[PDB]
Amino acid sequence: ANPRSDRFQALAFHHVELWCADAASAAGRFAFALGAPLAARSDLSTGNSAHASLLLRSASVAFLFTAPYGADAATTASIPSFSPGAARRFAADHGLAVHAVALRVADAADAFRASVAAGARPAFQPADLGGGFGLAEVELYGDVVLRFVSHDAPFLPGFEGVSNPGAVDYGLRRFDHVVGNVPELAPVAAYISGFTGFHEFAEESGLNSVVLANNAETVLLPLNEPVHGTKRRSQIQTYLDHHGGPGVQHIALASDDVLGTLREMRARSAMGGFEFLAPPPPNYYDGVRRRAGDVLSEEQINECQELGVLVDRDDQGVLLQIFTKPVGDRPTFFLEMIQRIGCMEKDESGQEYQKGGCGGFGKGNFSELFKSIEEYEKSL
């Protein structure tokens, strides 16, 4: 029973801005690793002297990589919410980490001011990019910012489109959820739920969890916090140790055939692509046949077996998922490849949709994987 209490029309994820020291290398690696070609650029090739921005896109998922180069007349920046000192500061503290999570908004001025009184500390007050585009940014958590942008039409003013025949598309379709790790969960969760109006979500390894979501449950913002005192310390705390503060832990990418796409992503893992986490032991998939065998026939399960895809269930669907290694240098930011199978409905006027968060987020895999690891460790 979501309240639909969102204080601004948050439609969907617009773009995710990463900040590095060389936006060509990171975007270059993410291009073949994810299978999303270069779609837009704001560099010296476009008259931009302040920063080099490049955008990979695979349908609706749009990664943005922004690095700096300038002076006073460097008003040529496409993004006005950009600072060279902050960009170099960010690249030294966290390596390749997410700086902005941009959402689509009815109007840039409203959602900012709807949050400026709801408790959001401002980061970039609204600005008119010209011709229907407006940009706004609030602080969210840590140094990553929540960005508001409103509207064929280009990505942003100052971005020229990129054409390529390679058309390297690995079937990736949409951003699903953007998870962030913070020291204490309660204050930042009340802060984000307070200034957005977003609600919680209904559907130990060492993580205390909470998931924010909009009315349509399409803009998912899960939050994380560690649990101290464990013999082996939580992966959230070691993140906060190596990230140097709170940040975006991972980002989920939704596909409609994540098996065939993983076959393409793993093909590039040997040549500089995304090396994936070690596949679960064989007896883990003996479980998924008992758990999800009614939804997944063997051939669909066996495609998950070699590729190492994980399987977790809620009542209204099953969630295929697989995690990458830390894509950057430090054990910090990584990527989650998922596909959700279940919970359809033609309730929205007859236009069908899938209720967001279908299948959960794989929280049950902490239990079934650790047990299958111990069950396999005994058999050797």
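Don't overthink the numbering: it's just position in the shown sequence, from 1.
Unmodelled residues of the deposited sequence between neighbouring positions residue 203 and residue 204 number 4 to 9. Going from residue 151 to residue 152, the model skips 4 to 9 deposited residues, which lack coordinates. Once the C-alpha B-factors are averaged per stretch, 342-350 and 50-58 rank with 342-350 first.
Just going by the entry, 297-305 versus 97-105 on mean CA temperature factor gives the higher value to 297-305. When the C-alpha B factors of 271, 310, 145, 168 are read from the deposited coordinates, the top value falls at 168. Out of 160, 176, 264, 286, the entry records its largest CA B-factor for 286.
When the modelled residues of the chain are ordered by their C-alpha B factor, residue 371 lands in the highest third. Among the modelled residues of its chain, residue 181 has a C-alpha B-factor that falls in the lowest third, as given in the PDB entry. Annotation for residue 90: C-alpha temperature factor in the lowest third relative to the rest of the modelled chain, per the entry.
Annotation for residue 291: CA B-factor lies in the highest third of the chain's modelled residues. When the modelled residues of the chain are ordered by their C-alpha B factor, residue 194 lands in the middle third.
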